[PDB]
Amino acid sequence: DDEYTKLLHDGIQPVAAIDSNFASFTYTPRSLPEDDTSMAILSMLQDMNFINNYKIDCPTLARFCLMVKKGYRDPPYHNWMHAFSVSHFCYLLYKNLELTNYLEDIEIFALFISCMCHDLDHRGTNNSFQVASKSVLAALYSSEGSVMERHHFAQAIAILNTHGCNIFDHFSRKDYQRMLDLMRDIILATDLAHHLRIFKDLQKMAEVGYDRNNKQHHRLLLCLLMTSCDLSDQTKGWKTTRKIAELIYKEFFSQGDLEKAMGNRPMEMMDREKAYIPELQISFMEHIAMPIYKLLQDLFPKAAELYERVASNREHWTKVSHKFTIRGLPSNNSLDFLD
């Protein structure tokens, strides 16, 4: 109750008041205290003019933002702070890359709202685990594929359909249908398997050049931008990349532990006895992260610095790899850990 009251009655604080570099690619949104993030969401929506443009009801918007925050659990990585940082990067793309030259206003709004909702109710486990553990989610969606992503979308729609939380309530039937369809496309694009399936079409688009009159190019660009937001922790400094690795592997190893208890053999990356982090992170950066930001650079010249910072963080991992081998004796002057 109290949180809602202040969010609604204190006024939407100016975006620059959050941080002086808030609109910069150098800013790390994970440094913002979690208690300040809901107001930051409002401040960003205001600064992008979405509240005014779509005449979003402020009481409704405040309830929506809090309910979305409440719909994330607390696994090490896939929590509200992930969603906030992803949404923040969407804002950064709006501020720095002139998205208004490529996408419709409603598409940009949909991207931002999708970022907020894209990992709703994540349980710290991937799609394979849902099928293997015969979860309720796999019962619902395994035959369609993208189990978790369909669940994230359905949670987002359930929030909208909660009384007092439909921020699109006044939209026309056409614009409402448009928004929900965009959210579906964008949230489902956060599945790695989807990204892999469209990756050649993304390269084709970047080769022939973006045609803003081509409806397929809008769709493809939206998928690329969404994945860029989802992986945006890799575009910051080394320390952020190091911390997120810690969170990512804590989550993965928990799943791997669960899988061993069910009698299944986990992936190397989820097996704490077998996983070599530097090599795995290098691989993720080279095969997944870097190509996404290279395509981004190919489409937006001003995105160059993002690819550059990811490539540098990739080299930082190679530089620090030797630190994973124990030289000399450990701090305690003992070799007891061998027994």
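What we label the rigid core is the largest C-alpha set whose atoms superpose within 1.5 Å from one form to the other. Residue numbers run from 1 along the displayed sequence.
Trainee: Looking at C-alpha RMS in 9 other deposited structures of this protein with the core superposed, is it 26-34 or 267-275 that drifts more?
Mentor: Comparing 267-275 with 26-34, the one that moves more in 9 other deposited structures of this protein is 267-275.
Trainee: Which of the two stretches, 189-197 or 119-127, moves more in 9 other deposited structures of this protein when the core is held fixed, judged by C-alpha RMS distance?
Mentor: It is 119-127 that deviates more in 9 other deposited structures of this protein.
Trainee: Identify the stretch, either 138-146 or 182-190, whose C-alpha atoms have the larger mean B-factor according to the entry.
Mentor: It is 138-146 that shows the higher mean C-alpha B-factor.
Trainee: Highest mean C-alpha temperature factor of the two stretches 165-173 and 78-86, which is it?
Mentor: According to the entry, 165-173 carries the higher average C-alpha B-factor.
Trainee: Would you mind finding, among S38, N52, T60, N313, the residue with the largest C-alpha temperature factor in the entry?
Mentor: The listed residue with the largest C-alpha B-factor is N313.
Trainee: For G256, does the deposited CA B-factor place it in the lowest, middle or highest third of the chain?
Mentor: For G256, whose C-alpha B-factor we compare with every modelled residue in the chain, the answer is the middle third.
Trainee: What third of the chain, by the recorded C-alpha B-factor, contains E107?
Mentor: Its C-alpha B-factor belongs to the lowest third of this chain's values.
Trainee: So where's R265 on the chain's Cα temperature factor ranking, which third?
Mentor: Highest third, going by the recorded CA B-factors of the chain.
Trainee: By its CA B factor, does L299 count among the lowest, middle or highest third of the modelled residues in the chain?
Mentor: It belongs to the highest third of the chain when residues are ordered by C-alpha B-factor.
Trainee: Lowest, middle or highest third: which one holds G209 when the chain's residues are ordered by CA B-factor from the entry?
Mentor: Highest third of the chain for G209's C-alpha B-factor.
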